[PDB]
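Structure file query_30.csv with CSV, C-alpha atoms:
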```
chain,number,residue,atom,x,y,z
A,1,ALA,CA,31.4,136.0,148.2
A,2,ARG,CA,32.7,135.4,151.8
A,3,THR,CA,29.4,136.2,153.5
A,4,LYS,CA,27.6,133.3,151.6
A,5,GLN,CA,28.1,129.6,151.9
A,6,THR,CA,30.1,128.3,148.8
A,7,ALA,CA,32.0,125.2,150.0
A,8,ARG,CA,31.5,121.4,149.9
B,31,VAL,CA,46.3,132.4,182.4
B,32,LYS,CA,43.1,133.6,180.9
B,33,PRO,CA,42.2,136.9,179.2
B,34,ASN,CA,39.2,139.0,180.3
B,35,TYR,CA,38.0,140.6,177.0
B,36,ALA,CA,35.1,142.9,177.6
B,37,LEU,CA,32.8,144.6,175.1
B,38,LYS,CA,33.7,148.3,174.6
B,39,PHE,CA,32.0,149.3,171.4
B,40,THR,CA,29.5,148.2,168.8
B,41,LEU,CA,30.1,149.7,165.4
B,42,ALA,CA,27.1,150.0,163.1
B,43,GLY,CA,26.8,151.3,159.6
B,44,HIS,CA,27.2,148.5,157.1
B,45,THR,CA,24.0,147.6,155.3
B,46,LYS,CA,24.8,144.0,154.5
B,47,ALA,CA,26.9,141.3,156.2
B,48,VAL,CA,30.4,142.4,157.2
B,49,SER,CA,33.1,140.3,155.6
B,50,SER,CA,36.5,141.4,157.0
B,51,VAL,CA,38.0,143.7,159.7
B,52,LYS,CA,41.7,144.7,159.9
B,53,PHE,CA,43.6,147.0,162.2
B,54,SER,CA,46.0,149.5,160.7
B,55,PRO,CA,49.7,148.6,161.5
B,56,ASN,CA,50.0,151.9,163.4
B,57,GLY,CA,47.1,150.9,165.6
B,58,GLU,CA,45.0,154.0,164.9
B,59,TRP,CA,42.3,152.6,162.6
B,60,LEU,CA,40.1,149.7,161.9
B,61,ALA,CA,39.0,149.0,158.3
B,62,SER,CA,35.9,146.9,157.5
B,63,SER,CA,34.6,145.5,154.3
B,64,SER,CA,31.1,144.3,153.5
B,65,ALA,CA,28.8,142.7,151.0
B,66,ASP,CA,27.4,146.2,150.8
B,67,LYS,CA,30.3,147.1,148.4
B,68,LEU,CA,31.8,149.5,151.0
B,69,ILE,CA,34.9,149.9,153.1
B,70,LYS,CA,34.5,151.8,156.3
B,71,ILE,CA,37.2,153.2,158.6
B,72,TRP,CA,36.7,153.5,162.3
B,73,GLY,CA,38.9,154.8,165.2
B,74,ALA,CA,40.5,151.9,167.0
B,75,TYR,CA,40.3,153.4,170.5
B,76,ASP,CA,37.0,155.3,170.5
B,77,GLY,CA,35.2,153.3,167.9
B,78,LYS,CA,34.2,156.5,166.1
B,79,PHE,CA,33.2,156.2,162.5
B,80,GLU,CA,35.7,158.1,160.3
B,81,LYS,CA,34.7,157.6,156.6
B,82,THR,CA,33.2,155.4,153.9
B,83,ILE,CA,35.3,154.4,150.8
B,84,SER,CA,33.2,153.5,147.8
B,85,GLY,CA,33.8,152.4,144.2
B,86,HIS,CA,33.5,148.7,143.9
B,87,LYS,CA,30.6,147.5,141.7
B,88,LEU,CA,29.8,144.4,143.9
B,89,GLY,CA,30.5,143.1,147.4
B,90,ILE,CA,33.9,143.0,149.0
B,91,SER,CA,35.3,139.9,150.7
B,92,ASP,CA,38.6,141.2,152.1
B,93,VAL,CA,40.6,144.4,152.8
B,94,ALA,CA,44.3,144.8,153.8
B,95,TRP,CA,46.6,147.6,154.9
B,96,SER,CA,50.0,148.7,153.7
B,97,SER,CA,52.8,149.0,156.3
B,98,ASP,CA,52.7,152.7,156.5
B,99,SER,CA,49.0,152.6,157.2
B,100,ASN,CA,48.5,154.9,154.1
B,101,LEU,CA,47.0,152.4,151.6
B,102,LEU,CA,44.3,149.8,151.6
B,103,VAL,CA,43.6,147.1,149.1
B,104,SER,CA,40.2,145.5,148.7
B,105,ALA,CA,39.1,142.2,147.0
B,106,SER,CA,35.7,142.2,145.3
B,107,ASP,CA,33.1,140.0,143.6
B,108,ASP,CA,33.4,142.5,140.7
B,109,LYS,CA,36.6,140.5,139.8
B,110,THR,CA,38.9,143.4,140.7
B,111,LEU,CA,41.0,144.6,143.5
B,112,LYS,CA,41.3,148.3,144.2
B,113,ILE,CA,44.2,150.2,145.9
B,114,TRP,CA,42.9,153.2,147.9
B,115,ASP,CA,44.6,156.2,149.5
B,116,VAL,CA,42.9,156.2,152.9
B,117,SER,CA,43.5,159.8,153.7
B,118,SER,CA,41.7,161.0,150.5
B,119,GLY,CA,39.4,158.0,150.0
B,120,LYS,CA,40.4,157.9,146.4
B,121,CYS,CA,40.9,154.8,144.2
B,122,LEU,CA,44.5,154.9,143.1
B,123,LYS,CA,44.6,151.8,140.9
B,124,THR,CA,42.2,149.0,139.8
B,125,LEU,CA,43.8,145.6,139.5
B,126,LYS,CA,42.3,143.6,136.7
B,127,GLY,CA,42.9,140.1,135.6
B,128,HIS,CA,41.0,137.6,137.7
B,129,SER,CA,38.1,135.9,135.9
B,130,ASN,CA,35.9,135.3,138.9
B,131,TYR,CA,35.3,136.8,142.4
B,132,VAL,CA,38.4,138.0,144.2
B,133,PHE,CA,38.2,136.5,147.7
B,134,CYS,CA,41.3,137.5,149.7
B,135,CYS,CA,44.2,139.9,149.5
B,136,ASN,CA,47.3,141.1,151.4
B,137,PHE,CA,50.3,143.5,151.0
B,138,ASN,CA,53.8,142.2,151.6
B,139,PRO,CA,55.7,143.7,154.5
B,140,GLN,CA,57.7,145.9,152.0
B,141,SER,CA,54.3,147.1,150.7
B,142,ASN,CA,55.5,147.0,147.0
B,143,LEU,CA,53.4,143.8,146.2
B,144,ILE,CA,49.9,142.6,146.7
B,145,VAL,CA,48.8,139.0,146.7
B,146,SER,CA,45.2,137.9,145.8
B,147,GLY,CA,43.3,134.8,145.7
B,148,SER,CA,40.1,134.1,143.6
B,149,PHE,CA,37.3,131.8,142.9
B,150,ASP,CA,39.1,131.4,139.5
B,151,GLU,CA,41.4,129.1,141.4
B,152,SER,CA,44.5,131.3,140.9
B,153,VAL,CA,46.8,133.4,143.1
B,154,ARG,CA,48.0,136.6,141.5
B,155,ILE,CA,50.9,138.8,142.6
B,156,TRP,CA,50.6,142.5,141.7
B,157,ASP,CA,53.0,145.4,141.5
B,158,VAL,CA,51.7,148.2,143.8
B,159,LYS,CA,53.4,151.0,141.8
B,160,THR,CA,52.1,150.2,138.3
B,161,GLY,CA,49.0,148.1,139.2
B,162,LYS,CA,50.2,145.5,136.8
B,163,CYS,CA,49.9,141.7,137.4
B,164,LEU,CA,53.4,140.3,137.7
B,165,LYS,CA,52.5,136.6,138.1
B,166,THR,CA,49.5,134.3,137.8
B,167,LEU,CA,49.8,131.1,139.7
B,168,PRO,CA,47.7,128.1,138.7
B,169,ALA,CA,47.6,127.5,142.5
B,170,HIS,CA,44.6,125.3,143.3
B,171,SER,CA,41.7,123.2,141.7
B,172,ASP,CA,39.0,125.1,143.6
B,173,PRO,CA,38.4,128.6,145.0
B,174,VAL,CA,41.3,130.1,146.9
B,175,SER,CA,40.1,131.0,150.4
B,176,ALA,CA,43.2,132.8,151.8
B,177,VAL,CA,46.5,134.3,150.8
B,178,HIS,CA,49.2,135.7,153.2
B,179,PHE,CA,52.8,136.8,153.1
B,180,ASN,CA,55.3,135.7,155.7
B,181,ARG,CA,57.3,138.0,157.9
B,182,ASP,CA,59.7,139.2,155.2
B,183,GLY,CA,57.5,138.6,152.1
B,184,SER,CA,59.7,135.9,150.7
B,185,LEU,CA,56.8,133.3,150.9
B,186,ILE,CA,53.1,133.2,150.3
B,187,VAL,CA,50.7,130.7,151.9
B,188,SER,CA,47.5,129.9,150.1
B,189,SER,CA,44.5,127.7,151.1
B,190,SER,CA,41.7,126.3,149.0
B,191,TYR,CA,38.4,124.4,149.1
B,192,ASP,CA,40.4,121.7,147.2
B,193,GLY,CA,41.7,120.6,150.6
B,194,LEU,CA,45.3,121.9,150.2
B,195,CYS,CA,47.5,124.4,151.8
B,196,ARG,CA,50.5,125.5,149.6
B,197,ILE,CA,53.6,127.5,150.3
B,198,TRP,CA,55.0,129.6,147.4
B,199,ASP,CA,58.2,131.4,146.8
B,200,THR,CA,57.2,135.0,146.1
B,201,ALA,CA,60.0,135.9,143.7
B,202,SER,CA,59.7,132.9,141.4
B,203,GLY,CA,56.0,131.9,141.9
B,204,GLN,CA,57.1,128.3,142.5
B,205,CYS,CA,55.3,125.9,144.9
B,206,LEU,CA,57.7,124.9,147.6
B,207,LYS,CA,55.4,122.7,149.8
B,208,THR,CA,51.9,121.2,149.7
B,209,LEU,CA,50.3,120.3,153.0
B,210,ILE,CA,47.7,117.5,152.8
B,211,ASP,CA,45.1,115.7,154.9
B,212,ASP,CA,43.9,112.1,154.2
B,213,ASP,CA,40.3,113.0,154.9
B,214,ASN,CA,40.7,116.2,152.8
B,215,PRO,CA,38.3,118.7,154.3
B,216,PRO,CA,38.0,122.1,152.5
B,217,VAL,CA,40.6,124.6,153.9
B,218,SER,CA,38.8,127.8,154.6
B,219,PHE,CA,41.6,130.0,156.0
B,220,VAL,CA,45.3,130.1,156.5
B,221,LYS,CA,48.0,132.5,157.7
B,222,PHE,CA,51.7,132.5,158.8
B,223,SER,CA,52.5,132.8,162.5
B,224,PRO,CA,54.1,136.1,163.5
B,225,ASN,CA,57.6,134.5,163.4
B,226,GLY,CA,56.9,132.9,160.0
B,227,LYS,CA,57.9,129.4,161.2
B,228,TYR,CA,54.3,128.0,161.3
B,229,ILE,CA,51.0,128.3,159.5
B,230,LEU,CA,47.6,128.3,161.1
B,231,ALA,CA,44.9,126.6,158.9
B,232,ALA,CA,41.2,126.3,159.3
B,233,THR,CA,39.2,123.4,157.8
B,234,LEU,CA,35.5,123.1,157.5
B,235,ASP,CA,35.4,120.3,160.1
B,236,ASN,CA,35.4,122.6,163.1
B,237,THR,CA,39.2,122.4,163.4
B,238,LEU,CA,42.1,124.9,163.4
B,239,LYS,CA,45.6,123.4,163.0
B,240,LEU,CA,49.1,124.8,163.6
B,241,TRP,CA,51.6,123.3,161.2
B,242,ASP,CA,55.4,123.4,160.9
B,243,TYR,CA,55.2,123.5,157.1
B,244,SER,CA,58.9,122.8,156.6
B,245,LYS,CA,58.7,119.5,158.5
B,246,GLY,CA,55.1,118.8,157.3
B,247,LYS,CA,54.2,118.3,160.9
B,248,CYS,CA,51.0,119.3,162.7
B,249,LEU,CA,51.9,120.7,166.1
B,250,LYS,CA,48.6,121.8,167.6
B,251,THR,CA,44.8,121.5,166.9
B,252,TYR,CA,42.2,123.9,168.3
B,253,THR,CA,38.7,122.6,168.5
B,254,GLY,CA,35.3,123.2,170.2
B,255,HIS,CA,34.1,126.0,168.0
B,256,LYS,CA,31.7,125.8,165.0
B,257,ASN,CA,33.2,126.1,161.5
B,258,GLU,CA,31.6,124.0,158.8
B,259,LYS,CA,30.3,126.5,156.3
B,260,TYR,CA,32.2,129.8,156.1
B,261,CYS,CA,35.7,131.2,155.5
B,262,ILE,CA,36.3,132.5,159.0
B,263,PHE,CA,39.5,134.5,159.8
B,264,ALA,CA,41.7,133.4,162.6
B,265,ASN,CA,44.6,135.2,164.4
B,266,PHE,CA,47.5,134.9,166.7
B,267,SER,CA,47.2,137.3,169.6
B,268,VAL,CA,50.7,138.3,170.8
B,269,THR,CA,50.3,141.6,172.7
B,270,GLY,CA,49.6,139.9,176.1
B,271,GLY,CA,49.1,136.2,176.6
B,272,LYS,CA,49.7,134.0,173.6
B,273,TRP,CA,46.3,133.1,172.2
B,274,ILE,CA,44.6,131.8,169.0
B,275,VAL,CA,41.5,133.8,168.2
B,276,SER,CA,38.7,132.9,165.8
B,277,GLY,CA,35.1,133.6,164.9
B,278,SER,CA,32.5,130.8,164.9
B,279,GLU,CA,29.2,129.8,163.4
B,280,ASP,CA,27.6,129.8,166.9
B,281,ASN,CA,27.9,133.6,167.0
B,282,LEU,CA,30.9,133.6,169.5
B,283,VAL,CA,34.5,134.6,169.4
B,284,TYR,CA,36.7,131.8,170.6
B,285,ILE,CA,40.1,132.3,172.3
B,286,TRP,CA,42.4,129.4,172.9
B,287,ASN,CA,45.7,129.1,174.8
B,288,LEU,CA,48.3,128.7,172.0
B,289,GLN,CA,50.3,126.0,173.8
B,290,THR,CA,47.7,124.1,175.8
B,291,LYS,CA,45.0,124.3,173.2
B,292,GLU,CA,42.4,125.0,176.0
B,293,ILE,CA,39.6,127.4,175.3
B,294,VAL,CA,40.3,130.3,177.7
B,295,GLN,CA,37.4,132.7,176.7
B,296,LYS,CA,34.3,132.8,174.6
B,297,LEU,CA,33.0,136.3,173.7
B,298,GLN,CA,29.2,136.6,173.6
B,299,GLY,CA,27.3,139.4,172.0
B,300,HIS,CA,27.0,139.0,168.3
B,301,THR,CA,23.7,137.7,166.8
B,302,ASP,CA,25.0,136.0,163.7
B,303,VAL,CA,28.1,134.1,162.5
B,304,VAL,CA,31.3,135.8,163.5
B,305,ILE,CA,33.1,135.8,160.1
B,306,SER,CA,36.1,137.9,161.0
B,307,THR,CA,38.3,138.8,163.9
B,308,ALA,CA,41.4,140.9,164.2
B,309,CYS,CA,44.0,141.5,166.9
B,310,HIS,CA,45.3,145.0,167.6
B,311,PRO,CA,49.1,145.4,166.9
B,312,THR,CA,50.1,146.9,170.3
B,313,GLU,CA,47.1,146.7,172.7
B,314,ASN,CA,45.0,143.8,174.0
B,315,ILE,CA,42.0,144.6,171.7
B,316,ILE,CA,40.0,142.4,169.4
B,317,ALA,CA,37.7,143.4,166.6
B,318,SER,CA,35.0,141.0,165.6
B,319,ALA,CA,32.4,141.2,162.7
B,320,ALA,CA,29.2,139.3,161.9
B,321,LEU,CA,26.8,138.4,159.1
B,322,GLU,CA,23.6,140.0,158.1
B,323,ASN,CA,21.3,139.3,161.1
B,324,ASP,CA,23.9,141.4,163.0
B,325,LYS,CA,25.9,143.6,160.5
B,326,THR,CA,28.0,145.1,163.3
B,327,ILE,CA,31.6,145.1,164.4
B,328,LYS,CA,32.4,144.8,168.1
B,329,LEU,CA,35.6,146.0,169.9
B,330,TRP,CA,36.7,144.2,172.9
B,331,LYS,CA,39.5,145.0,175.5
B,332,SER,CA,41.4,142.8,177.9
B,333,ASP,CA,44.0,143.4,180.7
B,334,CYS,CA,46.1,140.5,179.5
```
Would it be possible to restate this file's structure as structure tokens?
Amino acid sequence: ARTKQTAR
Amino acid sequence: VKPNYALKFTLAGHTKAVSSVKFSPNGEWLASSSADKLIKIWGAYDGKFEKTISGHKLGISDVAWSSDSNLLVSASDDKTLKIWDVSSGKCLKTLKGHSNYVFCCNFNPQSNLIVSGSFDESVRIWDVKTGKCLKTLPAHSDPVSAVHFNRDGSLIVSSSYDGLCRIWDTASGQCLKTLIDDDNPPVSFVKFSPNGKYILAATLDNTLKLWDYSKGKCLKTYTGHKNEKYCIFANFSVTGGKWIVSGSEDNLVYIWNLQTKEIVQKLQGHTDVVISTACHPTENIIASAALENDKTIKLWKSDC
């Protein structure tokens, strides 16, 4: 998960 | 006044973006995790590849060491954590209970508990001996980006995309303090300072902040790096000069003077986002790791 962009 | 970190080694082997690097407490090893579902162990001083530890079904976002340098825990998109015997490479226990990706993990100093954070918006506390979940904390209202025990394991700090940082009592699972910001940027990383008196929190507005959580007072802000997209680790460097260290989305490692907040060095060499950095426990050595255009870990050494 960390290596992808997942935040607003 | 300023460190002089110089590149010593480049560690290649992961086949997707690297997610986390951590030195063993005894200083002998570096562990790395990756979206490639693997943990790799490397010699801290010669950068020599030691072994690959496999078993997770999907990518790994974080890894952490026990105090005796004998166990590792990993946090995976497969919704589990795994506890590993590093000497044998074997999975000792699989920690099941999260309902979405596990993003972050850490042992307590005693090394009898593990804390984890997840996209399921919870923080879990686990018994190392039995592998059982002791407590599930309804901690946040969005993914939990970081979890960390303080110096004696009595407190946990958590951060979330919801814009909050929270301090928890380990024994009771109770929230003791919520830190807020009026403009409410996502909080992408947090950890306690080595003395346990402060927390260092990253927000996705290119800012790191040092808080006295007890007083609810922000004491320092570190700026000038790029962090708007990823959950990038940050660190206190304490072996020589007192620095703050972080990766950045401009492919650099930034090092700031803790007190003056001045950038004192920028480390150039990576060719993608520097998602993770770690500071050696006794020597002036930094490990940095980057995303998939790069896929390497770099080891750097300074005289101060």
Contacts of residue 8 of chain A at 10 Å or less, counting only C-alpha atoms, minus same-chain residues fewer than 2 places along, as a count of residues only?
9
task: Give the residues of chain A that lie within 7 Å of chain B; count all atoms listed in the file, and format the answer as a ChimeraX atom specification.
output: /A:1-3,5,7
| Can you list, as number ranges by chain, every protein, DNA or RNA residue that comes within 9 Å of residue 84 of chain B when you count only C-alpha atoms, leaving out same-chain residues fewer than 4 positions away? | B: 67-70, 119-121
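Separating atom CA of residue 169 of chain B from atom CA of residue 220 of chain B is a distance of 14.4 Å.
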Practice problem: Record the distance separating atom CA of residue 317 of chain B and atom CA of residue 233 of chain B, expressed in Å with one decimal. | Solution: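 Going from atom CA of residue 317 of chain B over to atom CA of residue 233 of chain B covers 21.9 Å.
Taking all atoms listed in the file into account, residue 36 of chain B lies nearest to B:297 out of the set B:187, B:297, B:240, B:83.
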- Query: Which residues come within 8 Å of residue 54 of chain B, counting all atoms listed in the file, excluding same-chain residues fewer than 5 positions away, as a PyMOL selection string?
  - Reply: chain B and resi 59-61+95+99
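Of the residues under consideration (B:274, B:101, B:145, B:327), B:145 shows the shortest atom-to-atom contact distance to residue 166 of chain B when counting only C-alpha atoms.
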Might you pull out every residue within 8 Å of residue 200 of chain B, with only C-alpha atoms counted and same-chain residues fewer than 4 positions away left off, and present them as a ChimeraX atom specification? /B:183-186,204
May I have the protein, DNA and RNA residues with an atom at most 10 Å from (49.2, 148.7, 168.1), counting all atoms listed in the file in the file's coordinates, returned as a PDB file with C-alpha atoms, in the frame of the given file?
```pdb
ATOM      1  CA  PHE B  53      43.600 147.000 162.200  1.00  0.00           C
ATOM      2  CA  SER B  54      46.000 149.500 160.700  1.00  0.00           C
ATOM      3  CA  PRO B  55      49.700 148.600 161.500  1.00  0.00           C
ATOM      4  CA  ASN B  56      50.000 151.900 163.400  1.00  0.00           C
ATOM      5  CA  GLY B  57      47.100 150.900 165.600  1.00  0.00           C
ATOM      6  CA  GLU B  58      45.000 154.000 164.900  1.00  0.00           C
ATOM      7  CA  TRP B  59      42.300 152.600 162.600  1.00  0.00           C
ATOM      8  CA  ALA B  74      40.500 151.900 167.000  1.00  0.00           C
ATOM      9  CA  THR B 269      50.300 141.600 172.700  1.00  0.00           C
ATOM     10  CA  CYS B 309      44.000 141.500 166.900  1.00  0.00           C
ATOM     11  CA  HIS B 310      45.300 145.000 167.600  1.00  0.00           C
ATOM     12  CA  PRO B 311      49.100 145.400 166.900  1.00  0.00           C
ATOM     13  CA  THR B 312      50.100 146.900 170.300  1.00  0.00           C
ATOM     14  CA  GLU B 313      47.100 146.700 172.700  1.00  0.00           C
ATOM     15  CA  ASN B 314      45.000 143.800 174.000  1.00  0.00           C
ATOM     16  CA  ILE B 315      42.000 144.600 171.700  1.00  0.00           C
TER      17      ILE B 315
END
```
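Interatomic distance, atom CA of residue 51 of chain B to atom CA of residue 156 of chain B: 22.0 Å.
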